[PDB]
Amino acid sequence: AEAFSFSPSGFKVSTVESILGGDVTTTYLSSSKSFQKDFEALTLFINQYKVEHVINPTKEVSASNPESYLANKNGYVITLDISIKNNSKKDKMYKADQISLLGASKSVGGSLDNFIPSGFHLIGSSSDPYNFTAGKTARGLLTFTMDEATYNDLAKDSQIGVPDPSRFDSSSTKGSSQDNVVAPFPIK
């Protein structure tokens, strides 16, 4: 496999190495579906994910680009291939960058941009990437970027926190009605 894609072989190609250089290794790969949650209207699937260890990065990265966090230190990038299926007849909002990884004493927020090539972003609709068209399934990437200590903190019994889409639904007026999921999410 030469170019990154959502296929089983394409997914193994390192966007991270293309950006940071250095010594990059895939330390964990989960190539089969590992999560499905049916909320009221949206179903979220995790199709596959990978964990990459970057040491001794060597490429130039714009200091203002959030990816630069790992341009001058070792760390890990965890890339998830996710799908959001809208089962409703109405468009629904979701903000997948609000998904987090939960470790022992640290948590890491998701990104819909870091280490994600054009063509592979999670986009609900052209009018608004956060608005998921009725009936459709959108597929794209979500990444978590961290230093080595943070990976080590998450290494055993990490979880993934997935907010209820109701947080983003203007008709929902009680925060306590949210069914926010916390699920096992091994990264080692």
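For every residue, the number given is its place in the sequence shown, counted from 1.
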Checklist entry - Should the higher mean CA B-factor in the entry be assigned to 137-145 or to 62-70? => result 62-70
Checklist outcome for this item: Higher of the two mean Cα B-factors (6-14, 168-176; per PDB record) comes from 168-176
Checklist entry - Which of these, 47, 159, 150, 56, has its C-alpha atom at the highest B-factor, as the entry lists it? => result 56
Checklist entry - Out of 90, 95, 85, 106, which shows the largest CA B-factor listed in the entry? => result 90
Checklist entry - Lowest, middle or highest third: where is residue 130 by C-alpha B factor in its chain? => result lowest
Item to check | residue 27 - which third its CA temperature factor falls in, relative to the rest of the chain | outcome: middle
Next on the checklist: Taking only the Cα B-factors deposited for this chain, tell me whether residue 37 sits in the lowest, middle or highest third.
Outcome noted: middle
